[PDB]
Structure formats: C-alpha cells, structure tokens
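See structure below.
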Amino acid sequence: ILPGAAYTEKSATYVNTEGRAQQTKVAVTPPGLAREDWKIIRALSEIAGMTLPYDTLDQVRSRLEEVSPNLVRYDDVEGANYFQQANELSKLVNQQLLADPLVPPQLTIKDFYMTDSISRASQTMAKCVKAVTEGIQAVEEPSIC
Amino acid sequence: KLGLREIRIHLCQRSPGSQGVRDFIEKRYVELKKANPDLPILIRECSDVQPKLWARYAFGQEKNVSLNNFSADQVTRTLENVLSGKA
Amino acid sequence: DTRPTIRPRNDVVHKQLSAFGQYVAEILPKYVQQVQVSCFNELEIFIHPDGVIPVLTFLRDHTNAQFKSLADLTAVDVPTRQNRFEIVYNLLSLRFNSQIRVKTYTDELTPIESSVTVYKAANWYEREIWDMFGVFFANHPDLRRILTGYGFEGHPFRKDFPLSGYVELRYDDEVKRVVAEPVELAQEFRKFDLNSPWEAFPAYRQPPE
Amino acid sequence: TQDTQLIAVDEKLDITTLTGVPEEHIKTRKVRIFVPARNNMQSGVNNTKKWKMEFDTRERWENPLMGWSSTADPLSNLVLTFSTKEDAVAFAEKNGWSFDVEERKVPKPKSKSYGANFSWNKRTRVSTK
Amino acid sequence: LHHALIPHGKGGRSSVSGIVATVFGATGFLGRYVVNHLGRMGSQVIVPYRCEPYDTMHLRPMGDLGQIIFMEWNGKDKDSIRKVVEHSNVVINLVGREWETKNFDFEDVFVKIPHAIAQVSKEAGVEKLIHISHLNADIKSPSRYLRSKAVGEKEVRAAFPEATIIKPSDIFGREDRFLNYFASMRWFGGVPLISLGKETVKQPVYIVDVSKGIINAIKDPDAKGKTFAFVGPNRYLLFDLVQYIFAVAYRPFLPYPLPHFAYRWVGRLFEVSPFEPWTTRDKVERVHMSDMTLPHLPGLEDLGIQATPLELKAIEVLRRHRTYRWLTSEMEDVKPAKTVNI
Amino acid sequence: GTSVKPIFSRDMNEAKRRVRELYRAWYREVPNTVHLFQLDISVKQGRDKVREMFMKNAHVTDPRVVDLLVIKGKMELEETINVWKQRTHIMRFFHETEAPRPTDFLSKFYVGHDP
Amino acid sequence: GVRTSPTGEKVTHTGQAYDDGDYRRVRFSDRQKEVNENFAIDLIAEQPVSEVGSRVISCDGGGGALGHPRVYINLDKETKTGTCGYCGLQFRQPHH
Ligand SMILES: NC(=O)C1=CN([C@@H]2O[C@H](COP(=O)(O)OP(=O)(O)OC[C@H]3O[C@@H](n4cnc5c(N)ncnc54)[C@H](OP(=O)(O)O)[C@@H]3O)[C@@H](O)[C@H]2O)C=CC1
Ligand SMILES: [Zn+2]
C-alpha cells in the first residue's frame, strides 16, 4: 500500500469535460506520511533505477507540456476541431446496436451521493443517502443548537 | 524492440507557421490511420505552438522533429521516413 | 451643540495653512511636486528627493517659515508604488507654532540625501530608516545599524518581511553558546480575515477604469 | 533636467541578495498573484478590487502539547496587496520568487428586467414572489 | 508506527521526530549531550534521575516546552524502571559510575541495573535498547571495571536479544575526567605515569561523535542486535598524549616514573575521600590498560558520523586550565602529538 | 528607466575594486579576530568562510547592488573590528547546531513534503 | 458523567481519552489528568421543563443584565420542547 495525497493536499492539475485545464492549489498538507502522487512515482523510479528526468513541480509540468501542449495552458478552452475527418475515420465497423434501453447508472438522487471513494468515506453523505431512501422523518438535526 | 510506439503532433491553431501540417491532417490523415490502426497518432493541437513532432519508440526514448512551415508533401515525407523505420 | 460627537472643525487654520502652502510652493518650484492640507488641519508637502537638503533648509532658516524642530523622521513602505519607500519629515515651528510635513519617495537602491546638517536630530532617526527599511542615505556620517540585533539581515519593517522573522536564537550545550536557528514556531500566527467586503466611506472611493 | 550622473542599466533589479531571504525560501517558494474571490456567503464586493500575492502552503503539524498548528515556514501568513498586477509581478521578479499569474475574473453584466418576472408566452414567468 | 509517532516538522525544537527516548542516567557527561541531540530534533525524552533536580536544570534549556519529562527512579526498584519505560519506543542505558560507592557496588551499576533495565524494557515492549559499556571490557581484565562491564554486556544481550550494545573507548569532551584527569595531575605533584607511561596506547573519541552515533543507531534500522565499537581516528601512546595536552594547557610537564604497586597504593589512598575521589585503584588499573583494536566490531564511521581528531577540539577542553599567560593562544601553536597509527 | 543613479561606483570595475580591499580587510582581520574573540574557528577555516560568503553572491551584476553589498560588508567589518559584535554572532555564519540538510530528491521524499 | 478509560484515565466532557499506546500519557504519571466533574451536558438535563403558558417566551438566562442576551424562543411545536440556545433551559407549553 502506497499512501497518496488527496485533491485538497496536492498542487496538481485537472481537466473539465470541455477540455479546459485548471489547477488545484494545496490547501492542507497530506495526512501522516503520505506524499504527493507524482513525487512518490519519481522516487520509486529513482530507487528502481529507471530514474525520471523531472524533479520538481515545474519540471513535471514542462514534461507534461512536452507530452501535450494544452494541459499547461490554464483556464482557457483549447480550440478543438477536426471533427469531419474523425467521422470519416471510424465509419467502418457495424457492431449492431443492442436493444437494451439506455439507463444511466444514476437514476435517482439517492445514488447521486455515493459515487467515489471520497463520497463513500464521508458520513454526511450516508446521512443524506438514508434521508433520501426511507422517508422524511429520519435525519432531523436540531438547528437551534 | 525499437519500433515506434506513438507519434505525437503539436500544431498551432490558426498561425500560418503551422498551416501546412493543418492541411496535412486535413486530407492525408484518415488513410494514414487506416494504414496503421494500432499506432497512436496523437494530435495534441494547441495555440501559439511551433509545429513539432514527438516520436516515442520503446523503453521511454523520444525523438524530436520540428515542422516549422512544413508543406503538406514535406510533412508527409517527414512522417513517412519515421513510420518506415519500424525499429 | 447639534454635533456633540463630531470633532470641531477649524477652518481658519485650514485657510491660513493653505496660504502658507501656496507660499512654499511658489518659493521652491524646483523640488516641490504637490502640496495639500488635510481635513483635520495638517499640511503635507510632496517634494522630489533632490530637495531633501534645500527645502528643509528653507523651512529651517527662512524668517517667514521658522521651523527648527525635527519632531520625527519615518519611512512608510508600500510595495505597490514604483518607488516603494516614502520618507516623511515632520517639522514643528516655534515662532509660528504649527506642524508641517514634507514627503519624498525612493526605491530600495536609489539613495536619498541625508539631512543631518539641516537637523542634527535626524542622525539617529536617519540610521533607523537604513536599519529598518533599506533606504540608504548618501554621505550620512555613520549609517551603521542602530536598532536590530547584531549581524542581522533584511529590514524588518518591509511589508514583505514576515511577522516572525526568519531565525531565532537559543542556548545550545553542544557548542556551549547561544546559536541562531531557522524559524520553527510552536503555534503559528493566525491571520484573521477582517475588512468586511462592504464599502465603508463613499467619499474616498477609488475612481474606476 | 535631473542631472545626477545617470547610467543605462538594462538588466532587471536583483535586490534578492539585499532582501536577506534565505536561499531555499527565495528559490523553492512559489508565489501566486490573484484577485481574491468574494465570499459567496456575502453580497459585498469591495474585497475583489485588489491584487493580492500569497505563497504556497507548507507543512502544518500538531504539537504534542495541545495539538496546536505549529509550522516552519515564516512566509505562510504573508499576503501582499497591490493596485495593479503589473506592480505585483514587478515586485515578484525583482525579489526573485517564482510567480504564477491569474487574470482578474470579473462578473459579466447580465441584462436584468423585472418585466421578465411576468410574461404572456415566455418561460421566464415566475410562479411566486 | 503509532498515530502520535509519525515524524513531523523540520528537525527543530517543535518538530515531532517520532522518538520517545528514556536515556536512563542522562544526568551526566554524554547523558547531557545525547538528550541535546534528542531535544534539538524534538522528542519526548523521559530522562529519569536520582539526584536533586537542581543537577538536572541544565537539561531544561535543551528542549522545547512539553519535552524532557522528568521522573523519579530508584536503582533497586523494578517498579521505578517500569514506570519510566512504560510508554517508550527506545530505552537508552547510560547509568554507570567510575568510583566504587560504599552503598552501590561496582557490579550492580553494571550488570544488575542493566539486567533489570533490559528485562523490564523487553517486558514493556520497547522496540530498541542501546546499552553503553566500555570498549576495553574483558571478562578477566585486571580492573574489575571492565570485568563487570563484560558480564553486564553478556547479561543484557541474553535478556534483550536485539539490544544495540555500544562499546565506546575512552571519551573526551568538556567535563571528561580523562583529559581533565591528566590535566589536573599536575595538582598532585608531577604527573606519576606508571613506568613513565611509554607503553600505553590510547584511542580517544569526542563526546559529540559518540552521542551522534547513538542518535543514528536510534534512527538506523539495522542497528538492532548488533554491537558497535566507538574508536577515534588516530591513536596516541600515553606519554605523547600527556605531552600534547600539557603543551595545549602550557603547564610545565614533570613526568614521574612510578611502579604499578606504588600507583595502586596512591589509588587506595585517594579512594578514602568521602566525595568524588580524584582517582581510584580501579582507575589506575584502567589508565595503563591500553585500548585494544576490534576491527571485527563494526566501528563508528559505518554508522555515518565522521570521527573528529583530538587536535581540532582539544582547545575547548584544555582551554580553562591554561593560565592567563597563554590563555589568549590559539590551536596552531601546539603541533599534534606523534600518533602511533596502524 | 534603464538610466539609474549610482551609490559610489560608476562601473563594474570600480565596484570590483571595492570588493577587493573589502576582502583585503577581511583577510587581515580573520587571524586577530580569532585571537581576540577566542574563536574555536581556525585561521584557514576562517579565511575560506570569507571566500565562500564572497562567492555566495556571485550572480549579482547590477552596480548599485554591488555598492549595497560592499557597504553592508563595511558595516560588518566595523561591527567585528571594535568588538561590538559578540562571539556567538561570529559563529552564526558557521552552522554548527544546524543539522545537515539533504539535497537529493529521494531524501526529500523520505523526509517530508517539501520541494 | 465522568467515566474511567480502559487504561484508567478519567474521560472529559468532550470525550477525550488517551488510548492504549498513546505515548503522550507520560505527562500524567506522577501527576493527574485534570478533569472537571461538573459536566455541563447533564447538569442542564435534570433541570425542570418550564411550563409557562404563552406562544412566544422571553429568556435572558436569569440575573437580568448578568444573564445572556434576551432571546425569544417559540413554544409552537407540540412534539418537542423549545430551549434557549444560550442557557439551555427547556421551555414547553403547559400541555397546551
Ligand atoms: N570516558 C568515559 O566517560 C566513558 C564512559 N563509558 C560509560 O559511560 C557510562 C556513563 O559515563 P558518564 O556519563 O561519563 O558517567 P557519569 O558518572 O559522569 O554520569 C553517570 C550518569 O548515570 C547516572 N548514574 C551513575 N551511577 C548511578 C547509580 N549508581 N545509580 C543511579 N544513577 C547513576 C548519573 O546520575 P547521578 O549523577 O545522579 O548518579 C549520570 O546520569 C558508564 O557506563 C561508563 O562506563 C564508556 C566508555 C568511556
Ligand atoms: Zn436562556
């Protein structure tokens, strides 16, 4: 088991569904002995022998820029195009569509809460899940105090 | 093995310095992928980038080749020489 | 009266100080940049640095000015402005009892000429600025560090300097002496987020752009 | 007009060694400038009208005594204000801190009319006040 | 590791290193120094004591508030040991005297006390134990000091299989009773070396070196079970060593030839004082006993520390004994003694 | 903009001159401050510390900055010469109680979260 | 109420109790873990439920100016007892 850092402890980057690459800054240090997720990989590589060239955050961002130049440009949608050639590119297999009705995995507010590891770890998520499941009179928390 | 594992293309959005490659993938890409369906021709298009080409072969080695103002036939050749060298 | 809480307004002193401000502006147009008198009857003169010696001398010597007392000398670091540091000279008159203030600007490196001769009280005050803001003073008789500890670094009143400093000192038996160590607080300074997001004084609103 | 033996000095200021900041604090530390977003719990606006710079957060461990929040980096609760981002970035480079830039996000002005609360055919008609 | 034991900080006073020491008998010489390295890095030491806490106030500065908790302990009490080591991860044994107390015999402070320490420690569940014992310890050495230390080592190792036994050679450093010993030997007339002391080689170590080695052995993962030997970089024959320290102190040197039995008589005479005898018979049977070489014992540099030569750091220790005629003199005036190397 | 006011030195050559006799004074000082302050420092390992501190600010190229370092070293020289400084402050340059700090990335990862 | 830990320590009103290993218990050997017996959790529960007969009830906490700021609690909900947030006395309608 290699403990890692959560999304509020690292200083890494994520991408929205529209392609814009945003950055998450470090809020609180990772608990215990867990380090960041790229630092541990690089240290693992250095110990194993096949050392990676990058050593701090700016170098790994530069390397990721080398891999993809859109993933460093922050908070601006990198204009995506070339759809028609992609359409003409697949258009070969048939893979006849099954008659199974389309049902998203989330169908009611009860399953909107319990999706990821963070949600499962949470207790308030379970409290609201059980609020939704049975009925109204299950989760009354005194608000005056 | 040493045969190339993925080929990455970084072309600018509108700037004329990357115009030629934009025409290349415009017409000379679909059959190129049909020729090597297994091969990941990645096109990580972006803005204000000089038209550049990465080539990752095996073991984590990568090859750098610029395509600054490269014509469509010229970029076709600079892809063909790399693809032919399946090693 | 109708305004028992609001402070009294003394417009006579205001007009008279404004007249003297026009006076001093006309007398030395070479170094003076902008003179204005505050609402509470306190006049300030914004001069170019090269006028540190001349203007002060004119304020120290002139018969109709007659200011010989250096109340205090201070710098006010503000990182925003191009020349971050601004130096304030506070003068008090005896024959014409009143308080005048002259203000100059300098960055970290551009030296500002040392008064000392105009006001021999400035000397120690002068040293403080150099030892507290980094503003070196040209041909100051002895610009050695004055306040901070021996072998210190930086200039603490700079707004970038942290509140807790950089290095503490404590006994070490391994070397049998007081030693300097990098900062490691036992409890970190909690920085409260005051200054409510609602506008306080409409009069002093910054113009838009 | 201001003769003081002036000299062209092209390279930017390097007051770093003058500031006395230790080597790892001037090198490792990364500072970002930004306009602080208003607290959504409030509708007040005059807190996103300045350019503040702040530094990357560091280790925050709990002391054995009461579980306090002892830390090691002195430049943690240090935030500097600036009128325009140009002054802030100039300060950052001349001091020597690796800086990050975020553009001043401002609210887009939306067309608002009370006559939209009611309508003859538009969906925007409200159902309660 | 326990949730209150994860290392935290940056090695300062308030850094939580993750060490809970015990430093038994830390109220003296190296006990003062090791706590320093334990206090400076940040670790809740549980330093026990038998004397008056006055002779322990000098441990208060060398630690942030909430550290170096003091607990009363008695030698002939297993319960006191249990109380001191109930909540610890490392137990450090430094309890050892040099003169035979009329109440505490030599062996108890060197086998019975260490044996009880090891037994109660192992019962408690402490991870690592570091017992200290003279390098020259031999079962049949003429001095009962080394003999008792050898039986104590074997007893502790039997009781605590993974104890990290440390065998330091003669140690110097401020209050040393070795450098200051020969330095004050002028007080008792001319220096009475046994047979003028041309036949005794010594391998001294700087106290900071041994203390740092103890700290690394705490941090070292493989230190369990092993037995380290602490030796200096260079080794001096006794006569030139005394020459060097006297020259550093600039006090005139008057070597005095002496038979072994005559020095035994003098040691018996000195053993009758009622407080801290300047020398003992056992001390005489120690000084002429040269320190052997134990290459098969893992040394000091393998731990990570670098041995500091005696010439560099003799100034501070011998500085006080210098009179004002040469109290202003530096190191370089004294040329390093003719070390007899390998 | 580019034009600026000097402190003393006009060009890199004259500031280069000022640091020269600053090092002169430090050289002639080190032995008798070792003697006077009863330093545990040795003469050679006194001089090399001066050399390493002078080499520490090797990157500086702006003149005014060089005048600033030279005048600050001048203040340091006065503080040392007439015994206003104290032995502890002199030792402050030598980092004794400060534990060695690792440099490689692997040790940094082992110790804790820090770049 | 104050209860003993499995180790033997007296738990606090907040629920603090050092665990089995919990090396930070040497602080209490040769000393004591100072805990207050007058638990505020239960010293307010046994107080009688006031039966004042009005819709909305004022509460200053007793002592007038010496009490807490005057709050108007609502004795409306039939299924529970209204209580002042500051002090904690439970107010209820006299069974309507
Ligand atoms: N050059 C050297 O000094 C060398 C020393 N050693 C070993 O190092 C150990 C410690 O040496 P050092 O620190 O110089 O010795 P000191 O006598 O200077 O200090 C002994 C320490 O243990 C305590 N102590 C000693 N005897 C007793 C006792 N009978 N009962 C309770 N506590 C006791 C002392 O406290 P208190 O004063 O209250 O008794 C003090 O904390 C000994 O085992 C010694 O043989 C090994 C090689 C070389
Ligand atoms: Zn109440």
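Quick note on naming: the chains in the structure tokens go A, B, ... in the order shown, residues restart at 1 in each chain, and ligands are numbered from 1 in order of appearance.
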Close residues, segment 246-248 of chain E itself excluded, 8 Å, only C-alpha atoms, min 4 positions apart in chain, as an MDAnalysis selection string: chainID E and resid 183 242 252:253 314:315 318:319 322 331 334
For C-alpha atoms, I'd like the residues from the last selection saved as a PDB file, in the first residue's frame.
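Result went into result.pdb, see below:
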ATOM      1  CA  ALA E 183      45.475  17.997  33.139  1.00  0.00           C
ATOM      2  CA  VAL E 242      50.037  13.717  28.067  1.00  0.00           C
ATOM      3  CA  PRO E 252      55.061  22.626  32.700  1.00  0.00           C
ATOM      4  CA  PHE E 253      55.308  18.852  32.336  1.00  0.00           C
ATOM      5  CA  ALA E 314      41.418  19.869  22.366  1.00  0.00           C
ATOM      6  CA  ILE E 315      41.413  23.679  22.657  1.00  0.00           C
ATOM      7  CA  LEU E 318      42.050  22.236  27.804  1.00  0.00           C
ATOM      8  CA  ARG E 319      41.366  25.975  27.492  1.00  0.00           C
ATOM      9  CA  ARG E 322      45.538  27.498  30.538  1.00  0.00           C
ATOM     10  CA  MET E 331      45.406  25.862  18.421  1.00  0.00           C
ATOM     11  CA  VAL E 334      50.592  23.287  19.515  1.00  0.00           C
TER      12      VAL E 334
END
Proximity of chain E to chain G: per-residue shortest pair, 12 Å limit, only C-alpha atoms, as CSV:
residue,atom,partner,partner_atom,distance
E:1,CA,G:21,CA,10.5
E:2,CA,G:22,CA,7.4
E:3,CA,G:22,CA,8.1
E:4,CA,G:22,CA,6.7
E:5,CA,G:23,CA,8.0
E:6,CA,G:23,CA,11.8
E:18,CA,G:23,CA,10.3
E:19,CA,G:23,CA,10.0
E:20,CA,G:23,CA,7.7
E:21,CA,G:23,CA,10.8
E:22,CA,G:26,CA,11.1
E:43,CA,G:23,CA,11.2
E:44,CA,G:24,CA,8.6
E:45,CA,G:26,CA,9.8
E:46,CA,G:26,CA,7.9
E:47,CA,G:26,CA,11.3
E:48,CA,G:26,CA,11.9
E:65,CA,G:27,CA,12.0
E:66,CA,G:27,CA,8.4
E:67,CA,G:27,CA,9.3
E:68,CA,G:27,CA,10.2
E:69,CA,G:27,CA,7.1
E:70,CA,G:27,CA,9.5
E:71,CA,G:30,CA,7.4
E:72,CA,G:30,CA,8.6
E:73,CA,G:30,CA,11.2
E:80,CA,G:30,CA,11.3
E:82,CA,G:29,CA,11.5
E:83,CA,G:29,CA,7.8
E:84,CA,G:26,CA,8.3
E:85,CA,G:26,CA,9.3
E:86,CA,G:26,CA,8.2
E:87,CA,G:23,CA,5.2
E:88,CA,G:23,CA,6.7
E:89,CA,G:23,CA,8.7
E:90,CA,G:23,CA,11.7
E:124,CA,G:21,CA,11.2
E:125,CA,G:21,CA,10.6
E:126,CA,G:21,CA,11.4
12 Å contact set for residue 28 of chain E, only C-alpha atoms, chain neighbours under 6 positions out, as a ChimeraX atom specification: /E:34-35,47-51,55-59,94-98,173-177,207
Okay, now the selection with N, CA, C and O atoms, as an mmCIF file, in the first residue's frame?
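result-v4.cif, freshly written:
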data_model
loop_
_atom_site.group_PDB
_atom_site.id
_atom_site.type_symbol
_atom_site.label_atom_id
_atom_site.label_comp_id
_atom_site.auth_asym_id
_atom_site.auth_seq_id
_atom_site.Cartn_x
_atom_site.Cartn_y
_atom_site.Cartn_z
ATOM 1 N N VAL E 34 23.544 13.554 24.620
ATOM 2 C CA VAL E 34 22.598 12.797 23.805
ATOM 3 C C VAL E 34 21.217 13.436 23.870
ATOM 4 O O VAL E 34 20.560 13.634 22.839
ATOM 5 N N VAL E 35 20.779 13.816 25.074
ATOM 6 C CA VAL E 35 19.500 14.499 25.225
ATOM 7 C C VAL E 35 19.457 15.729 24.333
ATOM 8 O O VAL E 35 18.442 16.003 23.680
ATOM 9 N N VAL E 47 13.778 11.391 30.680
ATOM 10 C CA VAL E 47 15.003 11.347 31.480
ATOM 11 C C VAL E 47 14.682 11.122 32.952
ATOM 12 O O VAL E 47 14.066 11.982 33.600
ATOM 13 N N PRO E 48 15.055 9.978 33.512
ATOM 14 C CA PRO E 48 14.885 9.759 34.944
ATOM 15 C C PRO E 48 16.125 10.194 35.709
ATOM 16 O O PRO E 48 17.194 10.429 35.147
ATOM 17 N N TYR E 49 15.956 10.290 37.020
ATOM 18 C CA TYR E 49 17.002 10.826 37.873
ATOM 19 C C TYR E 49 16.854 10.318 39.301
ATOM 20 O O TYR E 49 15.761 9.953 39.739
ATOM 21 N N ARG E 50 17.976 10.317 40.018
ATOM 22 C CA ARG E 50 18.019 10.020 41.441
ATOM 23 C C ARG E 50 18.509 11.185 42.281
ATOM 24 O O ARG E 50 18.119 11.297 43.443
ATOM 25 N N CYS E 51 19.347 12.050 41.726
ATOM 26 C CA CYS E 51 19.794 13.222 42.447
ATOM 27 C C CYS E 51 18.674 14.264 42.535
ATOM 28 O O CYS E 51 17.509 14.017 42.216
ATOM 29 N N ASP E 55 20.627 19.382 39.886
ATOM 30 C CA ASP E 55 21.609 18.874 38.941
ATOM 31 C C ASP E 55 20.978 18.396 37.639
ATOM 32 O O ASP E 55 21.662 17.766 36.825
ATOM 33 N N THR E 56 19.696 18.689 37.431
ATOM 34 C CA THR E 56 19.005 18.430 36.180
ATOM 35 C C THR E 56 18.460 19.685 35.503
ATOM 36 O O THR E 56 17.972 19.579 34.372
ATOM 37 N N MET E 57 18.521 20.866 36.139
ATOM 38 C CA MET E 57 18.005 22.062 35.465
ATOM 39 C C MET E 57 18.740 22.333 34.159
ATOM 40 O O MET E 57 18.154 22.879 33.216
ATOM 41 N N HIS E 58 20.016 21.955 34.071
ATOM 42 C CA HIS E 58 20.754 22.177 32.834
ATOM 43 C C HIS E 58 20.199 21.374 31.665
ATOM 44 O O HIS E 58 20.655 21.568 30.534
ATOM 45 N N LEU E 59 19.238 20.479 31.905
ATOM 46 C CA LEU E 59 18.527 19.815 30.821
ATOM 47 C C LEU E 59 17.288 20.575 30.366
ATOM 48 O O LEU E 59 16.767 20.287 29.284
ATOM 49 N N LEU E 94 22.606 4.640 30.091
ATOM 50 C CA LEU E 94 23.890 5.281 30.316
ATOM 51 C C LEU E 94 24.313 5.230 31.775
ATOM 52 O O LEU E 94 25.333 5.832 32.129
ATOM 53 N N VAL E 95 23.560 4.535 32.628
ATOM 54 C CA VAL E 95 23.864 4.507 34.053
ATOM 55 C C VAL E 95 25.188 3.793 34.270
ATOM 56 O O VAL E 95 25.321 2.597 33.985
ATOM 57 N N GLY E 96 26.177 4.528 34.767
ATOM 58 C CA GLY E 96 27.456 3.940 35.097
ATOM 59 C C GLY E 96 28.363 4.894 35.843
ATOM 60 O O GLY E 96 28.559 6.035 35.419
ATOM 61 N N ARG E 97 28.926 4.433 36.952
ATOM 62 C CA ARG E 97 29.810 5.239 37.771
ATOM 63 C C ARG E 97 31.262 4.848 37.502
ATOM 64 O O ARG E 97 31.556 3.877 36.801
ATOM 65 N N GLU E 98 32.179 5.623 38.067
ATOM 66 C CA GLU E 98 33.608 5.390 37.925
ATOM 67 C C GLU E 98 34.290 5.042 39.239
ATOM 68 O O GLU E 98 35.260 4.281 39.232
ATOM 69 N N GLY E 173 35.724 15.300 26.188
ATOM 70 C CA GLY E 173 34.699 16.300 25.964
ATOM 71 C C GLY E 173 34.352 17.039 27.238
ATOM 72 O O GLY E 173 33.994 16.416 28.241
ATOM 73 N N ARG E 174 34.427 18.371 27.185
ATOM 74 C CA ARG E 174 34.375 19.266 28.340
ATOM 75 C C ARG E 174 34.703 18.590 29.666
ATOM 76 O O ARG E 174 35.870 18.301 29.946
ATOM 77 N N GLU E 175 33.687 18.336 30.491
ATOM 78 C CA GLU E 175 33.890 17.589 31.733
ATOM 79 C C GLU E 175 34.086 16.118 31.363
ATOM 80 O O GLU E 175 33.148 15.343 31.164
ATOM 81 N N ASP E 176 35.356 15.736 31.246
ATOM 82 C CA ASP E 176 35.715 14.427 30.721
ATOM 83 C C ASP E 176 36.225 13.461 31.775
ATOM 84 O O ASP E 176 36.005 12.252 31.644
ATOM 85 N N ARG E 177 36.908 13.961 32.801
ATOM 86 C CA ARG E 177 37.614 13.158 33.794
ATOM 87 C C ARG E 177 38.688 12.272 33.172
ATOM 88 O O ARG E 177 39.212 11.378 33.845
ATOM 89 N N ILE E 207 33.044 13.389 22.494
ATOM 90 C CA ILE E 207 31.735 13.004 23.012
ATOM 91 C C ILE E 207 30.629 13.259 22.000
ATOM 92 O O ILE E 207 29.657 12.495 21.922
#
Surrounding residues of residue 110 of chain A excluding itself and chain neighbours under 6 positions, 7 Å, only C-alpha atoms, as number ranges by chain: A: 129, 132-133
9 Å shell around ligand 2 using only C-alpha atoms and all ligand atoms, listed as a PyMOL selection string: chain G and resi 58-62+67-71+73+83-90
Limited to N, CA, C and O atoms, could you put the picked residues into a file as a compact mmCIF listing (two decimals), in the first residue's frame?
# COMPACT_ATOMS: atom_id res chain seq x y z
N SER G 58 -39.79 34.84 26.35
CA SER G 58 -38.51 35.52 26.52
C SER G 58 -37.61 34.74 27.47
O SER G 58 -38.07 34.07 28.40
N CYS G 59 -36.31 34.84 27.22
CA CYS G 59 -35.33 34.18 28.09
C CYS G 59 -34.06 35.02 28.08
O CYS G 59 -33.49 35.27 27.01
N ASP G 60 -33.62 35.45 29.26
CA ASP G 60 -32.34 36.13 29.42
C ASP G 60 -31.33 35.29 30.19
O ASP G 60 -30.18 35.72 30.33
N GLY G 61 -31.72 34.12 30.67
CA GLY G 61 -30.84 33.28 31.45
C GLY G 61 -30.78 33.59 32.92
O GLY G 61 -29.89 33.08 33.61
N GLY G 62 -31.69 34.42 33.43
CA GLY G 62 -31.69 34.77 34.83
C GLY G 62 -30.66 35.83 35.17
O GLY G 62 -29.65 35.98 34.46
N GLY G 67 -27.34 37.83 32.82
CA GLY G 67 -27.58 36.66 32.01
C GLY G 67 -27.13 36.86 30.58
O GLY G 67 -26.36 37.77 30.25
N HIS G 68 -27.60 35.97 29.71
CA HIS G 68 -27.30 36.04 28.29
C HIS G 68 -28.25 37.02 27.61
O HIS G 68 -29.26 37.42 28.18
N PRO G 69 -27.93 37.44 26.38
CA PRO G 69 -28.83 38.34 25.66
C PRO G 69 -30.22 37.75 25.53
O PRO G 69 -30.40 36.54 25.37
N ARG G 70 -31.22 38.63 25.63
CA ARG G 70 -32.62 38.19 25.65
C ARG G 70 -33.01 37.60 24.30
O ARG G 70 -32.93 38.28 23.27
N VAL G 71 -33.43 36.34 24.31
CA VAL G 71 -33.88 35.65 23.10
C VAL G 71 -35.33 35.23 23.29
O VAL G 71 -35.75 34.86 24.38
N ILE G 73 -37.74 32.51 22.36
CA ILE G 73 -37.96 31.18 21.79
C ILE G 73 -39.45 30.97 21.54
O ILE G 73 -40.32 31.63 22.13
N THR G 83 -36.07 25.55 23.61
CA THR G 83 -34.98 25.84 24.52
C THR G 83 -34.19 27.05 24.04
O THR G 83 -33.99 27.23 22.84
N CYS G 84 -33.75 27.87 24.99
CA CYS G 84 -32.87 28.98 24.66
C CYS G 84 -31.50 28.45 24.28
O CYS G 84 -30.92 27.62 24.99
N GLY G 85 -30.97 28.93 23.15
CA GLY G 85 -29.69 28.45 22.68
C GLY G 85 -28.55 28.77 23.62
O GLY G 85 -27.59 28.00 23.73
N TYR G 86 -28.63 29.90 24.32
CA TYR G 86 -27.54 30.32 25.19
C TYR G 86 -27.47 29.46 26.45
O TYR G 86 -26.48 28.77 26.69
N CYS G 87 -28.53 29.49 27.26
CA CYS G 87 -28.53 28.81 28.55
C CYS G 87 -28.84 27.32 28.40
O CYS G 87 -28.03 26.47 28.79
N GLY G 88 -30.00 26.99 27.84
CA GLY G 88 -30.38 25.61 27.61
C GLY G 88 -31.60 25.14 28.37
O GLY G 88 -31.96 23.96 28.25
N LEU G 89 -32.25 25.98 29.16
CA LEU G 89 -33.48 25.56 29.84
C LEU G 89 -34.55 25.23 28.81
O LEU G 89 -34.77 25.98 27.85
N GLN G 90 -35.22 24.10 29.01
CA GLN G 90 -36.24 23.62 28.09
C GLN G 90 -37.58 24.25 28.46
O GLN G 90 -38.08 24.04 29.56
Contacts of segment 5-11 of chain G at 10 Å (only C-alpha atoms; same-chain gap of 4+ positions) as a list in words: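 The filter keeps residues 1, 15, 16, 17, 18, 19, 20, 21, 25, 28, 32, 33, 34, 35, 36 and 37 of chain G.
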